[PDB]
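**Student:** Starting off with a structure, shown below.
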Amino acid sequence: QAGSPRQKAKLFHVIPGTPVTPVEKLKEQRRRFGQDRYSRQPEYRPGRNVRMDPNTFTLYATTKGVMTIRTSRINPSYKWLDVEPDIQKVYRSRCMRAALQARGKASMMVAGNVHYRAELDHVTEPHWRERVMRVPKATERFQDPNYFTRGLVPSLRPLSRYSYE
Amino acid sequence: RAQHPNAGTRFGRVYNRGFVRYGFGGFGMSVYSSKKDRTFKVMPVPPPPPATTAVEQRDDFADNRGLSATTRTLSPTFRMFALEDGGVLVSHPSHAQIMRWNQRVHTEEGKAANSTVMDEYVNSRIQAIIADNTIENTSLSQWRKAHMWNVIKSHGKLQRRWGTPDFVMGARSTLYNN
RNA sequence: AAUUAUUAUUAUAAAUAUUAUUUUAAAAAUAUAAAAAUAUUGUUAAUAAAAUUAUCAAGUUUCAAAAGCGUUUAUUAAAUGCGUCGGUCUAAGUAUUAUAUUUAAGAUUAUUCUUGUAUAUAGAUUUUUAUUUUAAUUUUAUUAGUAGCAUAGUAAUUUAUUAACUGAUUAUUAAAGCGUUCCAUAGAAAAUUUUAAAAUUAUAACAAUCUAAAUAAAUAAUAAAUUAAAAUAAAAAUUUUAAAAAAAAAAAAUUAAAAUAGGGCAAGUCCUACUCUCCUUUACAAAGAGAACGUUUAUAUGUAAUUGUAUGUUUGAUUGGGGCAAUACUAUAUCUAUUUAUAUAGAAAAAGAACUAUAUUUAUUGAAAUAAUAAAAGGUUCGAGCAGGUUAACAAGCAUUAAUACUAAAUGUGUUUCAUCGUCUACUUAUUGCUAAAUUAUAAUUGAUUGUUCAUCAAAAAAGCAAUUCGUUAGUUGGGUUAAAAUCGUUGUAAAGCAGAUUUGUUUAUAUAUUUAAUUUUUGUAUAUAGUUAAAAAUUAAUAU
RNA sequence: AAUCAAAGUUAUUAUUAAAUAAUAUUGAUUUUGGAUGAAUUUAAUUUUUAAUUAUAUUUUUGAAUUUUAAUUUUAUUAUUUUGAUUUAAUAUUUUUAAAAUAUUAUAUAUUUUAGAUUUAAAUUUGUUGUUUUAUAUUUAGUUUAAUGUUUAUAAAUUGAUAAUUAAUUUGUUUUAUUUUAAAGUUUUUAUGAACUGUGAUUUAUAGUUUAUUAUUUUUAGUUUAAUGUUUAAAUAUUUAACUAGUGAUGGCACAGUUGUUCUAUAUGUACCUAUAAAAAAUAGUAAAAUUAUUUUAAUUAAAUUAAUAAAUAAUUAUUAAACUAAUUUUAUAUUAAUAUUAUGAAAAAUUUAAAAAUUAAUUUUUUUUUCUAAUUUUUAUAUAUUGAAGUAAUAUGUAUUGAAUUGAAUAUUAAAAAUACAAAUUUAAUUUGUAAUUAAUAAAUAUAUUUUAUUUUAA
Ligand SMILES: [Mg+2]
């Protein structure tokens, strides 16, 4: 019927968890133009100190620092790329966290544990399902504009309605 | 053709016997199956003597008993002593004291009815061993019939080939093969 | 003519020279055929133009198709040739003439209609059809028509034959014959009838000439062999290997018995052709010379022009950048869309910008078989594939490889297939292959087979018909069209001159029937009637120490 | 019968070849004309028998390139009088021409038999020894400089002017080479019309049918067929056919981008692709080759692109490098610089596809010093005891329905009962008559073990 081109490799250009300069493409994402239509949703949305390039959806860090992926607590399909700027802040803990757990003195319930995050949130915020599932009535989503002039509410944000946690 | 070293067998391909079997995988070739193994397989073990000891003479994989149960015949003559080093000093009757004994057993073997014309023959060969050690085995006969010719070619230098300087003696001494 | 060779060098002349180069004790083939009863085409693609003869060497007849008698490198509806006709030419040849062509003579006729070349033309192109060239796709009237006529087919009918893929007849919408048609037609090629010497089937049937040995001493080919046999499995292949397991001369089954044709692919070159590419180009037109004629220009570009392109990938479509299909992707399967066409000359002169190319983007048209070729490998016919036979099992366009076409002749073979037990049919048409169908009754199925034999088919510009092509040409159909070397190894048939004698065991080309009669029991059984056998027929016998 | 491994020396004879060398040169191999000349003529403003010290420029963007070197100055066209010198080469003919070891029923040379077997090269695009070359002997047989010692010094930059605090080597100037054999071609001019075309060329040496001078034809050289098939022949023997030429084998005449053509792309001297001559055309883009044993660091890769593979990654290679936490006191081939004519991966595990394999896949992808030692072996277990066949009248009942008929055994219908015998055989129906839910334990392994093809040593 026709031909086809080869699908390019859209994968990580750093190692997640390790330090990162800004001139490194953190991930070269598929601007999933389904077939060069103009609407896509990238796999790894941008995170802390990470800024997305508009054209090719490639995440470039903005400040040199250790990098990481934060899988969304709600849906583990939607991930952010966090770059936390301090490289010593994590290195000087890893060298402990990996020196403690060698002597068998580190606890495995750490937040950073991959398989614990499901339970970690639930120890602290026990009804977080209901805090994101709750549907807001159009009254409270647009709090009385007079409360903005009377100054009660610091600033009305009517479009920020979605709980991205 | 992509002629690159490391793309196949380096220079061409050869089928040595360690390949025609045990190919890549150990099965190993599709053609050149292999030669049939025409060695001499050892024979299976004789039956042990009946038990009549009640010492569990039947047990095979036990600590006490060496596997072989050979209590054959004038084995009691092979009365062994314990040395100092842990060795053993086996005192056996000499090769003459046996053939001279064998004559006695054999000479009273066929005489009951009639010693055959071959029975008279054997006691001669036996009585020929005690006296002269007239040897009958190939390993010496195969050796002596040759070693003589080989050493007489030396005493009388029947070489015809005096050069033979270990390059020409290279093929020879390996075109022979023992 | 490579020679002291096939070989009267035929310019002449002549006619009674006892002029002077040819081994030899056999049968196979083979070259070849004296002789000889029947049979007459059943052989075959097809008998009949097939040497000489003192036995004096000759087939007759009918029908259909088919011109001139000359002439040709694959030898003929090839190309000639007379006439008619079309065009040209009155300052080099006679305009009832000679140039330049198309046809073909003889006899009937020679239809309908035009889009382009040519002519005429008026600055040229563009326009434009008295005659001519080429055309007519439903020209298609005359005329013949299954025909060298694109398939459909063996056309349907009739004959003819025991059997009609023959051939001839009738008509007749023939895939798209067609007025240069059609008829008439002789020696040719068919089809009958018929007769007949070639040794045509049946059928086999040596009279002739073609020794060994002695002598002289070349050729193809040659990696080796002590393996070569034989059987079985294989794994890429036809099998050949590997392995196991065995155990002298004729013929051509294998080795390469062949040469050399037959393919198709790759890069290279060749040669031919035309509306689209391009020079050297001699023609047409302009201008310049008081134009006395030769030159130079400008504008033009002609297949008359001999240059180069005419692809690549999957098989005929596709060429882009994405995406979904295990962050595999052959093109796999689906879809999308400002996803963008780099450079160089031109275009935009500040920082800003346009055009176009198989969208990585190097070149300046598209087509052919030219008997295409040269240097290579690699297949059509296969250890595996594909599409059109009663729907479905089957002819068989791609993964090997001097195996170098189907069929026939001859000559074998291992299988397998119901109750003994089993497998010999010959013909007609066409040589395609396989059926139809005639002989009362009618050939089991697989497999390996054909260099020994033919060539019928399939087949390489020799043509031609319809058919596709702008052309060169392409594909159906018919007539044509070399088909071949001294046998070394294996193999096998024989043999080794031997023998007062078949044989212990090996191992077996050698095996009684498959073209049906008359007996006799036709009774048993039931609407007709069996069964052992015998005679006759198919007419021939078989032992290495 | 069968084998059996096997002879290295002729003998005798003497002034070429090749390059080089910068002095001559009107055409080398008899005696022109021999009437008296007309007949023995090669000349013209072009890389020419004239042969030229640079890397910058400039240029259809890409095969195009540097100007006197000292003005007659020596780079200039060359031998007899050292067998003319030198260095390389070396013969060629005459006639020489040699030799005594392995069985006795068969695999292949070792003496002691048995063990033993790709013949090589290429080709293998692992369609993995893929059907190619080699008779043998000897001779001849293929060109990328493996090195930097004192005079002596280099090194960048803008588009351009310019700017050059911009940081720094090396070099008495290093250049030259680039495989080997092989086409069809292709262009440049010389030869050929004795073969054969066509032009032109012969005006009556046999037979015959018919009235006919036209016309049937004797017809021994020629449309066929056999033989021959490196043949007596690079076309002959025998033979069929044909044969009537006042219009033709033939005076000489036409020549190669062209002659001739009664036209076949045919022939023009035994393949018309004319011969002959002169080139280095291209051939790496699956042609054939590419010459020197005993060595001393490993591997594959598979992506961007292609009017479809000389180019790129990645690999490999040559040369060279520096020791960044991670652990043992383990273990690690990572790189730079250059050189690079490549598109497809066994057995698996799966995945597309009528595949009938191709495709994706991704781990393989063999070079034995010698004596010796060794743990993986063409040896593994296979379904029966029992043709239970005697032992008895019956009774809602031959239910009902459908049915010609049916009574447990036509058809459909199936949970009724009571005193047990309705999924059949049997009969046109029934009765009779077969039949009466039973002993029949393969399981208990058989040899397990030992013992054999690769785990070491010594030299
Ligand atoms: Mg040599």
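By convention in this document, the chains of the structure tokens carry letters A, B, ... by their order, each chain's residues are numbered from 1, and ligands are numbered from 1 in the order they are shown.
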Could you list, as an NGL selection string, all protein and nucleic acid residues with an atom at most 10 Å from ligand 1, counting only C-alpha atoms (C1' of nucleotides) and all ligand atoms?

**Tutor:** :D and (138-141 or 291)

**Student:** As a ChimeraX atom specification, please: every residue in region 7-156 of chain A that DSSP puts in strand (DSSP E).

**Tutor:** /A:19-20,25-28,44-46,50-52,58-61,65-71,79-84

**Student:** Neighbouring residues of region 27-41 of chain B were defined as those with any atom within 8 Å, considering only C-alpha atoms (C1' of nucleotides); residues of the same chain fewer than 6 positions away were excluded. Please report them as a PDB file with N, CA and C atoms (P, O5', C5', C4', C3', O3' and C1' of nucleotides), in the first residue's frame.

**Tutor:**
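out_21.pdb written:
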```pdb
ATOM      1  N   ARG B  17      37.966 -33.013  14.104  1.00  0.00           N
ATOM      2  CA  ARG B  17      37.093 -33.966  14.774  1.00  0.00           C
ATOM      3  C   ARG B  17      36.477 -33.416  16.046  1.00  0.00           C
ATOM      4  N   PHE B  19      35.079 -30.746  16.158  1.00  0.00           N
ATOM      5  CA  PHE B  19      33.995 -29.908  15.670  1.00  0.00           C
ATOM      6  C   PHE B  19      32.868 -30.741  15.077  1.00  0.00           C
ATOM      7  N   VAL B  20      33.195 -31.697  14.207  1.00  0.00           N
ATOM      8  CA  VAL B  20      32.159 -32.477  13.537  1.00  0.00           C
ATOM      9  C   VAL B  20      31.206 -33.080  14.559  1.00  0.00           C
ATOM     10  N   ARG B  21      31.719 -33.417  15.731  1.00  0.00           N
ATOM     11  CA  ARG B  21      30.902 -33.506  16.925  1.00  0.00           C
ATOM     12  C   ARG B  21      31.281 -32.358  17.841  1.00  0.00           C
TER      13      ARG B  21
ATOM     14  P     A C 234      16.347 -38.898   5.213  1.00  0.00           P
ATOM     15  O5'   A C 234      17.587 -37.945   5.503  1.00  0.00           O
ATOM     16  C5'   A C 234      17.791 -37.414   6.803  1.00  0.00           C
ATOM     17  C4'   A C 234      19.154 -36.792   6.962  1.00  0.00           C
ATOM     18  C3'   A C 234      19.373 -35.462   6.272  1.00  0.00           C
ATOM     19  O3'   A C 234      18.708 -34.350   6.857  1.00  0.00           O
ATOM     20  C1'   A C 234      21.219 -36.828   5.848  1.00  0.00           C
ATOM     21  P     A C 235      18.823 -33.972   8.416  1.00  0.00           P
ATOM     22  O5'   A C 235      19.385 -32.486   8.372  1.00  0.00           O
ATOM     23  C5'   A C 235      20.780 -32.247   8.465  1.00  0.00           C
ATOM     24  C4'   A C 235      21.295 -31.369   7.349  1.00  0.00           C
ATOM     25  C3'   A C 235      20.287 -30.523   6.597  1.00  0.00           C
ATOM     26  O3'   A C 235      19.848 -29.384   7.310  1.00  0.00           O
ATOM     27  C1'   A C 235      21.811 -31.479   5.072  1.00  0.00           C
ATOM     28  P     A C 242      33.623 -39.148   1.640  1.00  0.00           P
ATOM     29  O5'   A C 242      33.076 -38.951   3.116  1.00  0.00           O
ATOM     30  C5'   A C 242      33.238 -37.703   3.759  1.00  0.00           C
ATOM     31  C4'   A C 242      32.375 -37.587   4.984  1.00  0.00           C
ATOM     32  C3'   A C 242      32.153 -38.856   5.774  1.00  0.00           C
ATOM     33  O3'   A C 242      33.258 -39.231   6.564  1.00  0.00           O
ATOM     34  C1'   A C 242      30.126 -37.698   5.569  1.00  0.00           C
ATOM     35  P     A C 243      33.578 -40.787   6.750  1.00  0.00           P
ATOM     36  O5'   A C 243      32.308 -41.342   7.523  1.00  0.00           O
ATOM     37  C5'   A C 243      32.012 -40.890   8.828  1.00  0.00           C
ATOM     38  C4'   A C 243      30.682 -41.403   9.291  1.00  0.00           C
ATOM     39  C3'   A C 243      30.493 -42.900   9.205  1.00  0.00           C
ATOM     40  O3'   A C 243      31.099 -43.594  10.275  1.00  0.00           O
ATOM     41  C1'   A C 243      28.605 -41.830   8.315  1.00  0.00           C
TER      42        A C 243
ATOM     43  P     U D 378      29.092 -45.675  23.614  1.00  0.00           P
ATOM     44  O5'   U D 378      28.045 -46.695  22.978  1.00  0.00           O
ATOM     45  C5'   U D 378      27.983 -46.910  21.573  1.00  0.00           C
ATOM     46  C4'   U D 378      26.676 -46.415  20.997  1.00  0.00           C
ATOM     47  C3'   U D 378      25.796 -47.426  20.269  1.00  0.00           C
ATOM     48  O3'   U D 378      24.964 -48.208  21.118  1.00  0.00           O
ATOM     49  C1'   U D 378      25.944 -45.400  19.021  1.00  0.00           C
ATOM     50  P     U D 452      36.914 -45.647  33.991  1.00  0.00           P
ATOM     51  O5'   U D 452      35.790 -44.596  33.634  1.00  0.00           O
ATOM     52  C5'   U D 452      36.006 -43.657  32.597  1.00  0.00           C
ATOM     53  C4'   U D 452      36.061 -44.327  31.252  1.00  0.00           C
ATOM     54  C3'   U D 452      35.741 -43.421  30.079  1.00  0.00           C
ATOM     55  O3'   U D 452      36.444 -43.885  28.933  1.00  0.00           O
ATOM     56  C1'   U D 452      34.149 -45.142  30.178  1.00  0.00           C
TER      57        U D 452
END
```

**Student:** Write down, as a PDB file with C-alpha atoms (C1' of nucleotides), in the first residue's frame, each residue of chain C that has any atom within 12 Å of an atom of chain A, counting only C-alpha atoms (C1' of nucleotides).

**Tutor:**
```pdb
ATOM      1  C1'   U C 313      12.814  -0.074  -4.630  1.00  0.00           C
ATOM      2  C1'   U C 314       9.214  -3.893  -3.383  1.00  0.00           C
ATOM      3  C1'   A C 317       2.970   0.537  -6.854  1.00  0.00           C
ATOM      4  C1'   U C 318       5.579   3.501  -3.847  1.00  0.00           C
ATOM      5  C1'   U C 319       9.804   7.756  -2.621  1.00  0.00           C
ATOM      6  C1'   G C 320       7.462  12.559   2.715  1.00  0.00           C
ATOM      7  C1'   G C 321       7.588  13.326   8.425  1.00  0.00           C
ATOM      8  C1'   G C 322       4.992  11.497  12.322  1.00  0.00           C
ATOM      9  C1'   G C 323       2.168   7.826  15.167  1.00  0.00           C
ATOM     10  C1'   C C 324      -0.333   3.561  16.936  1.00  0.00           C
ATOM     11  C1'   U C 327      10.063   3.008  23.126  1.00  0.00           C
ATOM     12  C1'   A C 328      11.487  -4.503  17.411  1.00  0.00           C
ATOM     13  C1'   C C 329       9.628  -3.036  11.813  1.00  0.00           C
ATOM     14  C1'   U C 330      10.556  -6.090   6.006  1.00  0.00           C
ATOM     15  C1'   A C 331       6.874  -2.061   4.022  1.00  0.00           C
ATOM     16  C1'   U C 332       4.333  -5.455   8.301  1.00  0.00           C
ATOM     17  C1'   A C 333      -0.651  -3.378   9.508  1.00  0.00           C
ATOM     18  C1'   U C 334      -3.069   1.327   9.977  1.00  0.00           C
ATOM     19  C1'   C C 335      -3.452   6.137   9.374  1.00  0.00           C
ATOM     20  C1'   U C 336      -2.280  11.773   9.264  1.00  0.00           C
ATOM     21  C1'   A C 337      -0.291  16.962   7.747  1.00  0.00           C
ATOM     22  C1'   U C 338       2.075  24.647   6.590  1.00  0.00           C
ATOM     23  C1'   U C 339       5.911  19.431   9.844  1.00  0.00           C
TER      24        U C 339
END
```

**Student:** Go through region 170-244 of chain C residue by residue and, counting only C-alpha atoms (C1' of nucleotides), keep those with an atom at most 12 Å from region 91-110 of chain C; for each kept residue give the shortest atom pair and its distance in Å to one decimal, ordered by chain and increasing number, as JSON lines.

**Tutor:**
```
{"residue": "C:178", "atom": "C1'", "partner": "C:110", "partner_atom": "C1'", "distance": 11.5}
{"residue": "C:179", "atom": "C1'", "partner": "C:110", "partner_atom": "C1'", "distance": 5.4}
{"residue": "C:180", "atom": "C1'", "partner": "C:110", "partner_atom": "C1'", "distance": 7.5}
{"residue": "C:181", "atom": "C1'", "partner": "C:110", "partner_atom": "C1'", "distance": 7.4}
{"residue": "C:182", "atom": "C1'", "partner": "C:108", "partner_atom": "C1'", "distance": 7.6}
{"residue": "C:183", "atom": "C1'", "partner": "C:108", "partner_atom": "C1'", "distance": 7.3}
{"residue": "C:184", "atom": "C1'", "partner": "C:107", "partner_atom": "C1'", "distance": 7.1}
{"residue": "C:185", "atom": "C1'", "partner": "C:106", "partner_atom": "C1'", "distance": 11.1}
```

**Student:** Closest to chain D among A:131, A:94, A:122, A:117, using only C-alpha atoms (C1' of nucleotides)?

**Tutor:**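 Closest to chain D of all the choices is A:94.
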
**Student:** From the options B:50, B:25, B:44, B:170, which residue's atoms come nearest to residue 72 (chain B), counting only C-alpha atoms?

**Tutor:** B:50

**Student:** Give me the residues near residue 97 (chain D) as a PyMOL selection string, where near means some atom within 12 Å (using only C-alpha atoms (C1' of nucleotides)) and where sequence neighbours in that chain fewer than 2 positions away do not count.

**Tutor:** chain D and resi 9-10+95

**Student:** Any idea what's packed within 10 Å of region 283-289 of chain D, counting only C-alpha atoms (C1' of nucleotides), ignoring anything in its chain fewer than 2 positions away? Could you give it as number ranges by chain?

**Tutor:** B: 1; C: 266-268, 375-377; D: 122, 125, 133, 142, 180-183, 309-310, 341

**Student:** Selection from above, C-alpha atoms (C1' of nucleotides), as a PDB file, in the first residue's frame, can you write it?

**Tutor:**
```
ATOM      1  CA  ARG B   1      30.290 -10.119   0.576  1.00  0.00           C
TER       2      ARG B   1
ATOM      3  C1'   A C 266      24.271  -7.180 -12.585  1.00  0.00           C
ATOM      4  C1'   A C 267      27.568  -3.536 -14.050  1.00  0.00           C
ATOM      5  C1'   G C 268      29.805  -1.942 -19.429  1.00  0.00           C
ATOM      6  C1'   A C 375      33.398  -9.970 -18.556  1.00  0.00           C
ATOM      7  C1'   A C 376      30.735 -12.500 -14.500  1.00  0.00           C
ATOM      8  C1'   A C 377      27.932 -15.191 -11.698  1.00  0.00           C
TER       9        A C 377
ATOM     10  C1'   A D 122      39.682 -19.599  -4.058  1.00  0.00           C
ATOM     11  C1'   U D 125      27.730 -12.751   1.185  1.00  0.00           C
ATOM     12  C1'   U D 133      40.595 -23.310 -11.356  1.00  0.00           C
ATOM     13  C1'   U D 142      52.607  -7.911  -9.586  1.00  0.00           C
ATOM     14  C1'   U D 180      48.873  -7.227 -11.464  1.00  0.00           C
ATOM     15  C1'   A D 181      46.194 -10.004 -15.954  1.00  0.00           C
ATOM     16  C1'   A D 182      41.780  -9.487 -18.829  1.00  0.00           C
ATOM     17  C1'   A D 183      37.145  -7.179 -22.749  1.00  0.00           C
ATOM     18  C1'   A D 309      25.721   1.656  -2.871  1.00  0.00           C
ATOM     19  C1'   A D 310      33.765   3.976  -3.437  1.00  0.00           C
ATOM     20  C1'   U D 341      34.530  -0.233  -1.541  1.00  0.00           C
TER      21        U D 341
END
```

**Student:** Pull the helix (DSSP H, G or I) assignments for chain A out of DSSP run on the backbone, and list those residues as a VMD selection string.

**Tutor:** chain A and resid 87 to 100 117 to 124 128 to 133 140 to 142 145 to 149
